[PDB]
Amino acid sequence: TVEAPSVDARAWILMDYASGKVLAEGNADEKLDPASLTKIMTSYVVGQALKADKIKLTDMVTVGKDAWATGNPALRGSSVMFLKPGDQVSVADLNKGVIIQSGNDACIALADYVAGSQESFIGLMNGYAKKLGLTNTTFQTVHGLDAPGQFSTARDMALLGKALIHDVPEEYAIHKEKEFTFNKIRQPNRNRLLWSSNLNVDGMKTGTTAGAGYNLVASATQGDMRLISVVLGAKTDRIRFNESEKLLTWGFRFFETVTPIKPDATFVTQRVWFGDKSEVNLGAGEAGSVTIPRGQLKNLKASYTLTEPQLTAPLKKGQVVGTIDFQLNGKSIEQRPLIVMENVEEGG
């Protein structure tokens, strides 16, 4: 144990990026208004579109009556690039507008361009959400402005932040940009934690709900280590940031992340029956990292248990056949799926 900090907010969570270890949490599954943190998913989808080369940063997109702070009523009052219909804008510029400025018009223009329509784009957002295991998240807009059935949780936001960083790292990299210039005016990132001297913060997204208070998804690094924090429903902007700051600081100070089973490493080699190979490598795959109190590597010990006494073909790469137990001081602290590292087909 290490005593978890008190957190002056509605919900929060602190997650290690490599291990997935939840170091601290309160109300982490309470459904709440995500607001602009919705834009994290918006950007996830745009990032996937770019990575798949379905769109390019240099592409020019035409703005529709859609994306007009005016002839779209819901845009009024909201943060905005000030696009007008007929404008020709860079994907790159819109992408930065979503990310750095949280332009709600940028959101609409890009979604129309990626998916044809807002409804199709929202379909993509909720598609990934299910894929990623965001069991308590449903999106109802491209920008995160007020809608009836729209919620997330601190836990789902962290999982989503983790996927952004992992799956579309070129899209994540834009989130640390302190400003960008559009129409000759510089637009600042409203993530004040980017300016923190006591942390290396490089993301991610701020949000401010109807009544519930102030939100932040943040991620930071320190040596080999990366943490993600979510704070939902802080009462002030200031508390929003310092609670996030103090969670992150606590996690790095007192914990380390280590990787006793590297991806693509063999943990056990086991006999297989009735296959075109007599033996097969088993490992952890990507799941091979654990977050433990500092100083405790010395005392970390890994064990395996197979779920069947004897392994039979056919086997596929990624299949689970047992259990990695991670033990600490001879007490059991984590368990992970023991996976097949190579296909082996039934003999012939």
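Heads up: residue numbers just count along the shown sequence, starting at 1.
Visitor: Report the stretch with the higher mean CA temperature factor, choosing between 243 to 251 and 75 to 83 on the basis of the entry.
Guide: Comparing 243 to 251 with 75 to 83, the higher average CA B-factor belongs to 75 to 83.
Visitor: Comparing 257 to 265 with 196 to 204, which has the greater mean CA B-factor as deposited?
Guide: Mean CA B-factor is higher for 257 to 265.
Visitor: Among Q310, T58, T38, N281, which carries the highest Cα B-factor?
Guide: Going by the entry's C-alpha B-factors, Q310 comes out highest.
Visitor: Just to confirm, going by the entry's C-alpha B-factors, which of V46, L315, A52, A67 comes out highest?
Guide: It is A67.
Visitor: Lowest, middle or highest third: where is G211 by Cα B-factor in its chain?
Guide: Tercile = highest for this residue's CA B-factor.
Visitor: State the tercile, meaning the lowest, middle or highest third, of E334 with respect to the CA B-factors recorded for its chain.
Guide: Its C-alpha B-factor belongs to the highest third of this chain's values.
Visitor: With respect to C-alpha B-factor, does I185 fall in the lowest, middle or highest third of the chain as deposited?
Guide: Its C-alpha B-factor, which the entry lists for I185, ranks in the highest third among residues of this chain.
Visitor: Taking only the Cα B-factors deposited for this chain, tell me whether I292 sits in the lowest, middle or highest third.
Guide: Ranked within chain, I292 CA B lands in the middle tercile.
Visitor: What third of the chain, by the recorded C-alpha B-factor, contains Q150?
Guide: Top third by C-alpha B-factor.
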